[PDB]
Amino acid sequence: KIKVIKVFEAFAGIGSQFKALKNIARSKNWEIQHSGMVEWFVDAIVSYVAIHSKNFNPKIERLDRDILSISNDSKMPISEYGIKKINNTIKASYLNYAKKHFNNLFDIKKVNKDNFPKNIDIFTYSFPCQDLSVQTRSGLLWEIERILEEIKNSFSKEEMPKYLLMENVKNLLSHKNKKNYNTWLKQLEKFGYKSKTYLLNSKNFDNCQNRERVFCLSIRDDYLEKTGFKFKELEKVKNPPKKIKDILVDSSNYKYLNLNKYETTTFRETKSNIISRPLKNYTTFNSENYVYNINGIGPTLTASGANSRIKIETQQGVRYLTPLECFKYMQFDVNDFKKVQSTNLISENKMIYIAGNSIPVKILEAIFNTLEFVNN
DNA sequence: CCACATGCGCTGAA
DNA sequence: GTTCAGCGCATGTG
Ligand SMILES: C[S@@+](CC[C@H](N)C(=O)[O-])C[C@H]1O[C@@H](n2cnc3c(N)ncnc32)[C@H](O)[C@@H]1O
Ligand code: NA
């Protein structure tokens, strides 16, 4: 009766998709398997392996000779020199493990019908809004489209991914992007998929974070007919509220910010349940100038900048949300954070960067809970 | 025009 | 090349 769910995570990061599936697997009678993944960012790969591996023992290794397209900052490729610096280190063993055990193909431009796994149950992905335009698609989405085009011609219909799931930022549905987004949906139709777009806020899925994200869930149209799957109305879901205080970790050795030079005001709560107050003459950057009340929800955690530096008011003073608390804020577990910390390879700021790039795990749990698979 | 809200950001000096 | 402190406006609603 157990159903093996083969998942392929494009732009996998630390694997919020895989985590959500593992979290619900027992309740669905599923066994989750790594079909493959695509992630080039060294710190994300290391962290993914730390979080998701079982019985991996890191050791000094030569980097596999075809691991050539990777990135230390997530944006730009590492040089020949930088590859040399990873070669013959413990870090190399993480990258080798991701390749061998998780079938990480690293770079989407290197994925094609000759290495894209057949019979995928769930394919996850994303793309920046620029990719909708010429510079017709471009960039990462063009590669995803190329891959779907390629496998459409070489695979049987039944070998194509059963479900696709895109995550993206809210601005995907802006005036400038919405029509071109709709043409991507038309293209998915041409590839044989029926889709539904959801705009979901983490705060409605048992989280203390305001975070609005766009999801496009697609089902292969013959599999829709076979299963009798119907899309659920997830935008109407409103679970009980959670407050920032519910995730905070007690410590006697936090660093508190000296805000004595800055004038401030009372807290005010907005319609989004964010409770905040401004610091006057602090910076000229509006999003940096707020302190958040722990009895409401907080702002969207970003990878960098002002919203990666979330100031909260506590009895003990004003401080930033810690890297551990940021993992919790994205609905990863304390043990996931400890595994990443224990690598001794990822800085505190890099741990927040990877958390800020992820997806709140319980949103994905709710989406994946709606999927239907046949007993055959 | 206004008030208000809100952000998986970006980058150049060291 | 890295790192992060310093820095503002795009894109809305009402
Ligand atoms: C917003 S994040 C995704 C985080 C992920 N959803 C998670 O569960 O943590 C986007 C990711 O795409 C990755 N990426 C960017 N360009 C890539 C490429 N050419 N190949 C593979 N991954 C890429 C980045 O390194 C980054 O980790
Ligand atoms: Na080396």
Side-chain angles (χ1 to χ4, degrees), chain A residues 10-17 39 41-44 47 70-86 124-131 140 166-178 181 199-203 207 209-215 257-258 262 265 267-279 281-292 296-311 320-321 323 326-327 329-332 345-361 363-364:
Chain A
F11 316 124
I14 58 172
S16 62
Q17 305 78 203
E39 180 51 66
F41 180 28
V42 167
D43 309 75
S47 302
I70 44 170
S71 173
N72 280 327
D73 64 9
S74 86
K75 308 295 191 172
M76 294 295 286
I78 296 176
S79 66
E80 190 185 322
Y81 167 82
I83 287 170
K84 282 174 57 181
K85 288 313 140 201
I86 295 168
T124 66
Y125 72 105
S126 53
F127 55 88
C129 296
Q130 59 175 340
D131 289 3
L140 273 40
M166 183 209 69
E167 175 268 356
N168 224 315
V169 297
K170 180 169 164 202
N171 211 60
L172 185 58
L173 307 179
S174 73
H175 293 324
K176 287 176 182 193
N177 294 324
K178 171 74 158 169
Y181 167 66
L199 178 64
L200 304 173
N201 195 325
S202 190
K203 78 182 185 174
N207 211 3
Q209 177 184 174
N210 177 66
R211 194 195 192 84
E212 296 186 76
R213 293 292 180 269
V214 178
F215 297 91
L257 303 177
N258 187 327
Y262 313 105
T265 71
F267 281 107
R268 71 98 179 71
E269 183 173 354
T270 64
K271 217 157 178 186
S272 69
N273 192 199
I274 293 175
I275 304 172
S276 69
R277 60 185 174 79
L279 303 174
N281 303 306
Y282 185 67
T283 79
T284 63
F285 205 77
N286 199 70
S287 50
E288 195 90 43
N289 298 337
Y290 286 85
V291 174
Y292 294 96
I297 70 178
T300 286
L301 178 71
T302 59
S304 69
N307 278 33
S308 75
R309 288 184 288 260
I310 297 173
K311 292 180 292 300
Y320 297 124
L321 286 183
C326 287
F327 267 53
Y329 201 59
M330 301 302 290
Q331 299 174 316
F332 284 83
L345 287 170
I346 318 296
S347 74
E348 289 193 288
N349 286 340
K350 278 278 188 78
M351 287 190 287
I352 291 173
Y353 192 96
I354 65 186
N357 277 334
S358 198
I359 307 168
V361 175
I363 300 175
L364 297 173

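Each chain gets a letter, A, B and so on, in the order its sequence line appears, and its residues count up from 1. What you see below is based on every heavy atom in this structure, not just the backbone, and it leaves out hydrogens, waters and symmetry mates.
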### Task
Let me know the distance between CD of A/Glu212 and P of B/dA5, rounded to the nearest Å.
15 Å
### Message
Using modelled atom types and a 3.5 Å cut-off, is there a donor and acceptor pairing between side-chain atoms of A/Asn289 and backbone atoms of A/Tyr282?
### Response
no
### Strand DNA chain B in bracket notation, Watson-Crick/G-U under 3.5 Å with | for pairs to another chain
.||||||.||||||
## Note on the structure
The residue among A/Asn210, A/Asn307, A/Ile352 that forms side-chain contact (heavy atoms from CB on, under 4.5 Å) with A/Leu301 is A/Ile352
#### Entry: A/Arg268 vs B/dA5: side-chain N/O to OP1/OP2 distance below 4.0 Å
yes
### Summary
What residues 299-309 of chain A contributes to the DNA chain C interface at heavy-atom separation below 4.0 Å is A/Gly305, A/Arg309
### Message
What is the distance, to the nearest angstrom, from the CG atom on A/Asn289 to the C1' atom on B/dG7?
### Response
14 Å
### Message
Could you tell me how far apart A/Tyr353 (OH) and C/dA5 (P) are, to the nearest whole angstrom?
### Response
15 Å
### Query
In whole angstroms, how far is the P atom of B/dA5 from the CD1 atom of A/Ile275?
13 Å
### Polar side-chain atom of A/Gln209 near backbone of A/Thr300 as donor-acceptor pair, under 3.5 Å
no
### Message
Looking at A/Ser308 and A/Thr302, would you say the former's side chain and the latter's main chain have a donor-acceptor pair under 3.5 Å?
### Response
no
Write out a two-atom table: protein N or O, nucleotide N or O from nucleotides 8-14 of chain C, distance below 3.5 Å.
from: C/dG8; atom 1: OP2; to: A/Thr284; atom 2: OG1; distance (Å): 2.7
from: C/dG8; atom 1: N7; to: A/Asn286; atom 2: N; distance (Å): 3.0
from: C/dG8; atom 1: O6; to: A/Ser287; atom 2: N; distance (Å): 2.9
from: C/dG8; atom 1: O6; to: A/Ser287; atom 2: OG; distance (Å): 2.8
from: C/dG12; atom 1: OP2; to: A/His175; atom 2: N; distance (Å): 3.0

### Message
Expressed as a whole number of angstroms, how long is the span from A/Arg213:CZ to B/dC8:P?
### Response
4 Å
### Separation of A/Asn171 CG from A/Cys129 SG (nearest 0.5 Å)
5.5 Å
### Query
What integer distance in Å separates A/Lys311:NZ from B/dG7:P?
13 Å
### Message
Rounded to whole Å, how long is the line connecting atom OH of A/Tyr282 with atom P of C/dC7?
### Response
12 Å
### Task
Using atom CG of A/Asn349 as one end and atom P of C/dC4 as the other, report the distance to the nearest whole Å.
5 Å
### Query
Can you tell me how far CD1 of A/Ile363 sits from CD of A/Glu167, rounded to the nearest 0.5 angstrom?
8.5 Å
### Task
Could you check whether A/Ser272 gets within reach of a base, just the sugar-phosphate, or nothing at all, counting any heavy atom under 4.0 Å?
sugar-phosphate
